[PDB]
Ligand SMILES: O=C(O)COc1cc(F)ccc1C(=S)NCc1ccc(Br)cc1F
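Here we start with a single chain on its own, the form deposited without IDD594, put down as structure tokens.
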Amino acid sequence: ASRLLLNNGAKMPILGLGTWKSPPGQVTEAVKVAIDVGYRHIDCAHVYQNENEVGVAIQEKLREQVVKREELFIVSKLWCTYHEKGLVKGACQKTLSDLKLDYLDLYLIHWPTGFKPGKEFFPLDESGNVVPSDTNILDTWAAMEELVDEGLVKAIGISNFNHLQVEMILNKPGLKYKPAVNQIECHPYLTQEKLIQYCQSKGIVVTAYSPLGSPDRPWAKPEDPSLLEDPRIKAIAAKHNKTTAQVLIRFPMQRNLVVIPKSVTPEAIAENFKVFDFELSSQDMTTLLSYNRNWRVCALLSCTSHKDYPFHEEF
């Protein structure tokens, strides 16, 4: 149970190294260390602006022969300003060039929301409002399918899509390729039970990001213990001779989810990998599931009036 089978027949490692919020000056060393520790799935995106530095690490370790490229599962994401049908291919080719790779194992639509094309990641009004694209989700999906046909990516998928937006793609006339994964926010305060039940029933693998939530909770007093120091979670950790971070990474894994932890320190990278030698019990799982408050941290609030804004729906 350290890889999950995708609908293209490939196996995706259930633990991924995130490069989100890893600075370019540090990320090459972070990825090298990760591959030495045993990470094989690495999660990138153009908007992180560090893909070139990730690429240096990968082909250093490929030269050293500690890993072969067919053992690596590399994913990247199409940013919102490239949703136009004519631009998707070049966005993909730029990422491949940065990563110094021939193909990606998976390529995700980052958000369902398309922005006006250009150099800016968030194109703006004279009043500072994000300017939408007029593009359809189905049009940019057509362009993503072409990437699989041309052999540039092995599978395509989506990120932060609600179930109605998934159904829209599943009902595309002449659909060639179904989404292989939907990458979503998932942690004890937002357990996403409905959306993951929907996805898994359609054969779509769910990847959790931000599995520890955010430290800044709107209901909590500054003296209230965090998730990592919560007494009941500490008790579960003590029971298994594990850290509380390790318990919270294992939590999604046992729901048959892929998990991308925040991996911004060398300590976290080493700690987060030690999650394969234990299993949480039924009682542990019910306890961890009971923290849900449907609290969403990554809500992309700047785009609430966008027609394809995902989070007005319940799931």
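Residue numbers here begin at 1 and follow the sequence given.
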- Note on the structure: Stretch with higher mean Cα temperature factor, 132 to 140 vs 170 to 178, is 132 to 140
- Between 264 to 272 and 62 to 70 (mean CA B-factor, as deposited), the higher: 62 to 70
- Among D98, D105, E185, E84, which carries the highest Cα B-factor? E84
- Residue set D43, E53, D277, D284, per-entry CA B-factor max assigned to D277
- Rank-wise, by C-alpha B-factor, drop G157 into the lowest, middle or highest third of its chain. lowest
- Query: Would the CA B-factor of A238 place it in the lowest, middle or highest third of its chain?
  - Reply: highest
- Lowest, middle or highest third: where is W219 by Cα B-factor in its chain? highest
- Task: Sorting the chain's modelled residues by C-alpha B-factor, tell me whether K194 ends up in the lowest, middle or highest third.
- Result: middle
- Query: Comparing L17 with the other modelled residues of its chain, is its CA B-factor in the lowest, middle or highest third?
  - Reply: middle
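Omitted from view is the form deposited with IDD594 bound, to which the following refers.
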- Query: Is the site here open or blocked once IDD594, taken in the bound PDB entry, is overlaid via the site C-alphas (blocked: 3+ ligand atoms within 2.4 Å of backbone or C-beta atoms)?
  - Reply: blocked
- The one residue among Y198, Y189, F115, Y177 placing a heavy atom within 4.5 Å of IDD594 in the bound PDB entry is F115
- Task: Choose one stretch from 84 to 92, 166 to 174, 144 to 152, 106 to 114: the one whose residues place a heavy atom within 4.5 angstroms of IDD594 in the bound PDB entry.
- Result: 106 to 114
- Should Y291 be counted as a contact of IDD594 in the bound PDB entry, where contact means heavy atoms within 4.5 Å? no
- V47, heavy atom within 4.5 angstroms of IDD594 in the bound PDB entry: yes
- Message: So, a 4.5 angstroms cut-off on heavy atom distances: do all three of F122, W219 and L300 pass it with respect to IDD594 in the bound PDB entry?
- Response: yes
